[PDB]
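In the form deposited in one PDB entry, a lone chain appears below as structure tokens.
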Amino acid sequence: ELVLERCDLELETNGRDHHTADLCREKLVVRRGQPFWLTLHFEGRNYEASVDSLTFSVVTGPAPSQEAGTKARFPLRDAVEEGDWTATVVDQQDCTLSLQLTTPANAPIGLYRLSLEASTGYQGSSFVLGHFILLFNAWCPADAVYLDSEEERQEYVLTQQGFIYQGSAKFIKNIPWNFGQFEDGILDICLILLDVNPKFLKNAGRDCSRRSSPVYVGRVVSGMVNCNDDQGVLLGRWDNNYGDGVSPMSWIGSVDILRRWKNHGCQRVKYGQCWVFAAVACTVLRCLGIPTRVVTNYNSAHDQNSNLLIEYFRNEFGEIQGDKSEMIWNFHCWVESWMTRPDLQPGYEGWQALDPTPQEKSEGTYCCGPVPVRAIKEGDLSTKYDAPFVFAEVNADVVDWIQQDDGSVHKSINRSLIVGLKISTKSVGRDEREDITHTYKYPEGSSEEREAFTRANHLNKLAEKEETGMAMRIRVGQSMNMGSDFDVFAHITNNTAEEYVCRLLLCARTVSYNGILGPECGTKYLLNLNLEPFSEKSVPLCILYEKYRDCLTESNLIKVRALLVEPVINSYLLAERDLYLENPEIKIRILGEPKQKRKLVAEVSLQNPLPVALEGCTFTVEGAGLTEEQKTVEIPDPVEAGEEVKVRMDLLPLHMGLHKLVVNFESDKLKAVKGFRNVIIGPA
């Protein structure tokens, strides 16, 4: 019979065509909705359509079934593609045949395996061509994750090194991150992740069938990052007691987290955080083919049970009583994927927000799920998934009540805190920051904003607030350099033409990005502050390194809160600010000419800003397109104040194009300090 000796998958051509060149190392990895090539090597009889009939059968999942789309059998139609799964002969030479297979744009995602059934006469021999991986295609016009443009496809599906935005609203810091979705073994890790969710354990066949929908895959991926408690990827922790594992700030790449999760069976990786969850989810989604970007919202009202009215009761000193209340997060990071939604009303296609951080649900504290960004913009809270929570995270209202010792309460005019004021992501192509707050909220004070609030029953906050002549804000003169003492001003501007005798309550506390305040690092209690008519007074507060050294969080955030209170019945004024203390810059240099499969040396240096010595200095670099594993060096000698630490590392780049070298510094006193540098690998 027509027996075959070997089947030659064209790894190079398929990888180049389907943009899966990095993934096509040893196994074929193609994208649905596109024709991929294949080669058959028959020894002597070659192939004749007259008597030889080939019918491919492709199998997926532990419970295949034709009606569910997992299993598909299709003949060798030489003329055209008459259906979803088709195979046509494109070239026929001596001893060899070529094939151009095609997959439906709505095929399930996962590990498929082929089977040739060569039926010549009565001899229907059954073969096994091999396995391959099917991923979401952003290039197929009929696919649900199709992107019209090309730069967006490169940035969101093929770029494996990006920026996570942190710090404060007034000072955005672009911390580098190495997604590495195309790293060695990452795709298998993502498949195992998709093969261990509770839905798969409940009904494997239904899960495999429903993997075709990108929204379901997004839900499964986001829910298995942290939300799953049994064998989730990470284990959240917020108190600064990460000694049992790796601190959240220490992570520089999701590849390490995924490899640690896979190696230790499936146990939770130690002490991740919200932006870590977003980075891991973005890595998994990008590996699976879904165009995903990490989006950070500053002053987010996360974990408020979707409440649109947040009331904070404070004391006469401005300190928030009632510890049961949840603080306003300085920033919250969630992913945003590109999908088309048939399950919703027409027009709700495009960017969909996934939040892998479990909020406080009324049932079980689950994740959020894909809500259209346009749905949040128009306030369509009635969508399928958790629209109200994401809407509250960007459109909440905060009321700061002051409860004095007399038992009475007053409303403080807090004009500084705006929920969801700055939403940022990485720009397409360049390294700049793209401020996408306009796609989540309508412009303030506009008719569209009013109608969106009316559709969301949220028009309560639109009402005008107090308009007293007193005005006040927290001002910063120079850059916030960590490890040095500084002064932060409280600016009072008066235009009422009325002399005021008020008392001011400066207080600075080390705070994490969750809003968990720590011990005070400086205070100032002015009791007879005088404000002249049409005057403008700046009251400085001195913050000392010896004060915030002990309790500073690893995110280098300090909250300065000041309260201007008049003894008379008139209301109270409040002003808060978040200061990001800048870590010292990591100077990265590359010596030699960057060439593929050639030795490279990276000269990394840092200058210690602290007045004391760092003991356990440790550099760690990672790059998806530069190295196959993290390069870690430990300096065995402490570096004194002002002294400069300097190390050299060896790299063996293996991929072309542009790459980012993510560098992390970890010492006993200077915490995780990040750095990056773009390198272009030469053709050689």
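Numbering starts at 1 and runs along the sequence shown.
What comes next is about the form deposited with a partner chain bound, which is not displayed.
task: Counting only non-hydrogen atoms, choose the one of 373-381, 211-219, 271-279, 130-138 that falls within 4.5 Å of its partner chain in the deposited complex.
output: Of the stretches listed, the one contacting the partner is 271-279.
message: Check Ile413 for me: does it contact its partner chain in the deposited complex (non-hydrogen atoms, 4.5 angstroms)?
response: Because no heavy atom of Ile413 falls inside 4.5 Å of its partner chain in the deposited complex, the answer is no.
- request: Examine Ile328 and determine whether its closest non-hydrogen atom to its partner chain in the deposited complex is within 4.5 angstroms.
  value: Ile328: contacts its partner chain in the deposited complex.
Residue contact check: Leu417 to its partner chain in the deposited complex, 4.5 Å heavy atom: Although its partner chain is absent here, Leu417 would touch it in the deposited complex, with heavy atoms inside 4.5 Å.
- prompt: Would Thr159 show up as a contact with its partner chain in the deposited complex if we use heavy atoms at 4.5 Å?
  reply: No, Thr159 is distant from the partner.
- request: Report the residue, out of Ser424, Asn226, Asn299, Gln304, that has at least one non-hydrogen atom within 4.5 angstroms of its partner chain in the deposited complex.
  value: Selected residue: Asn299.
- request: Only one of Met249, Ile175, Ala107, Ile402 comes within 4.5 Å of its partner chain in the deposited complex by heavy atoms, so just point that one out.
  value: It is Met249 that has a heavy atom within 4.5 Å of the partner.
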